[PDB]
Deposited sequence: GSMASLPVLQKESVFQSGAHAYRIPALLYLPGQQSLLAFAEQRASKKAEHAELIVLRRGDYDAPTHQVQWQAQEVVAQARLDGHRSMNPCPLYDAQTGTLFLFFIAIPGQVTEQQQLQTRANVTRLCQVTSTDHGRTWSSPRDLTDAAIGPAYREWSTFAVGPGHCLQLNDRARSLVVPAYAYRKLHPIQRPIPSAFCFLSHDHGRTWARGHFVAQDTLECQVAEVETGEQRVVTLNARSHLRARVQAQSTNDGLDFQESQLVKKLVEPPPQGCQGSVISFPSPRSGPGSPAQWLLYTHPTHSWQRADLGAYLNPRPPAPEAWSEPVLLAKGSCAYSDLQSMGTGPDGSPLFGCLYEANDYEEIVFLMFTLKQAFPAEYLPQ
């Protein structure tokens, strides 16, 4: 198990249970926001952490409910944070589902903050406008969970990774497909992008130039991940394939995380996911140095031993040793906690320089 700069439980089972991590880096602020579901999916909680590089440490402030990120009589789940670098606005997207839980009753929601997460606007229900008629051909959908993406296209578009359970045939159960919600006017209007392929679930997206490419990395029902690419900013994921090197454990997979960061030499991808093909154990990191080539995915390196599940990655700028710094949040010990991990490219992939 890799040398890391920090390893700290930031949420743990107590009065409540914590699952579904999301992580947001705020560059100008040397700060991180760690989100999770608080469950009896009830509510969403937040912890802010200040990153002090000379001490190689993030200090986490107190846990707080994001009071506004809720609908009456609904449970809130699947936090997807995004920072709009053009507007200084913080977005938190999420799913609202009736308390009493065939017919779609799932709601799409956003709250915003302009004081870096300290306070929040009241929720906007994006459901009808964002989805339209399709709403009726699904039994449910989700967003994320985890960080979303803002492109460096002209409009600085927002990309919110998602999936839908489609009612495609009357005899078959609903079938899941990944897709993205897109906005070009900074989250005032939303469009639903086209689906990727049958039997994909929780996904995340990253941008790479090498000419703009949205890469999407999706959970599968199969033994490997599904990776897909858009050249039109996430409207169509034209190519799609299984990635045998990125394994998926029994019943039906695990959520994992993908980010891009600057090439030490334009971008490389980092991906986290459990690495036992047999179970949700042994959080590994994988590097794609010639992205998005599926065959360029590396062997995993080991970040955490034992029982690990969902994760969320953030690029945090330059690490004290000069190489890309990464922060990571994942579910651990049979969901008894969510661990924050911070480490650098030099620490994890010493052989691909620093």
{"property": "Gaps in the model (deposited sequence, numbered from 1)", "result": "1-4, 45-50, 112-119, 229-230, 286-291, 381-382"}
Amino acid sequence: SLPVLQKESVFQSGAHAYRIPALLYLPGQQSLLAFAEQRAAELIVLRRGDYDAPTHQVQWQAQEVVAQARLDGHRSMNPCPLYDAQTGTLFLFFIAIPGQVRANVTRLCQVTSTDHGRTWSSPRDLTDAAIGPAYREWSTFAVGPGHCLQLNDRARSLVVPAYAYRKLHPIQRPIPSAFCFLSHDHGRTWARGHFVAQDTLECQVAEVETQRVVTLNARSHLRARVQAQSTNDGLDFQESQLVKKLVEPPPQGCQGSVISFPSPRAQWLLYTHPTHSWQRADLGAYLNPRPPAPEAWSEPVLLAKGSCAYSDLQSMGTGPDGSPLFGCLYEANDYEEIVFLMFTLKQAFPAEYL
From here on, numbers count along this sequence of modelled residues.
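In this text, rigid core is short for the largest set of C-alphas that superpose within 1.5 Å between two forms.
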| item | value |
| --- | --- |
| RMS Cα shift after core superposition in 8 other deposited structures of this protein, winner of 192-200 and 268-276 | 192-200 |
| Greater Cα displacement in 8 other deposited structures of this protein once the core is superposed, comparing 152-160 with 171-179 | 171-179 |
| At least a third of other PDB entries omit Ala206 | no |
| Residue gap status of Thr215, at least a third of other entries | no |
| Higher-scoring stretch by recorded Cα B factor average, 318-326 or 47-55 | 47-55 |
| Mean C-alpha temperature factor, higher of 63-71 and 285-293 | 63-71 |
| Candidate residues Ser139, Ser183, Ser277, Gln204, the one whose C-alpha B factor the record puts highest | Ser277 |
| Among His116, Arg225, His147, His273 - the residue whose C-alpha B-factor is largest in the record | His116 |
| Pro98, C-alpha B-factor rank within chain (lowest, middle or highest third) | highest |
| Lowest, middle or highest third - CA B-factor, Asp128 | lowest |
| Third of the chain's Cα B-factor distribution that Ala309 belongs to, per the entry | middle |
| Among modelled residues of the same chain, the CA temperature factor third for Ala34 | lowest |
| Ranked against its chain, the third holding the CA B-factor of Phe237 | highest |
